[PDB]
């Protein structure tokens, strides 16, 4: 088998109240992704973010990322691919990672809680375009699910979140119960946390760069962390506290 590693949950905006992408801060995050030997990053920015539209067009449309490289509609930074995505807050207040082509992502309702899981799935199924849905940090307080039965119908993977690794067993056990794949995502909002949990998957055929579509279509995915992962999350928290 051949193997890619991707942080499937990354925020390139520090907060949803940020108007303009801070390119210097983004660069810090990609530098760390390079050091930490990630193959790719999924930008699951909060769709309701003030700066979501500017961020997404800036990255993938207006090619405005300093140091960014765009070949055949694929955005790399020093070899590290950058895949478009969105994090949505659903009607029951859970979070889902949405991985699809940029056209779809820009066409979704952006109001917090605008979709149920059922409707999100229907609307994406309605398009004739590949997509992947990931249940984010499903045991996190304020983000728990009242219907884990329906989750299994509509979602493709359970995320093992970097920020909740002390409880990783629960996420793995839930994925097993539902016969779903797992992902690892960091939910990094700063350079410090990127890659703290990551996703491994096999790409069929010859060694090549992973595309967004290759990730979307991948199955049998799993998560990866280290004993030093929790520390990344704590240091990222201290850093955010210092900025206030």
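Numbering follows the first chain given and starts at 1.
In this entry, the higher average B-factor at the C-alpha atoms falls on 18-26, of the pair 18-26 and 219-227. Higher mean CA B-factor, judged across 69-77 and 111-119 from the recorded values: 69-77. Between the residues 138, 124, 173, 90, the entry's highest C-alpha temperature factor is the one at 124. Comparing C-alpha B-factors across 180, 38, 188, 56 in the deposited entry, the largest value falls on 56. When all modelled residues of the chain are sorted by CA temperature factor, residue 168 is found within the middle third. The deposited CA B-factor of residue 101 belongs to the middle third of values across its chain.
Among the modelled residues of its chain, residue 241 has a C-alpha B-factor that falls in the highest third according to the deposited record. The PDB entry assigns residue 129 a C-alpha temperature factor belonging to the highest third of its chain's modelled residues. When all modelled residues of the chain are sorted by CA temperature factor, residue 160 is found within the lowest third.
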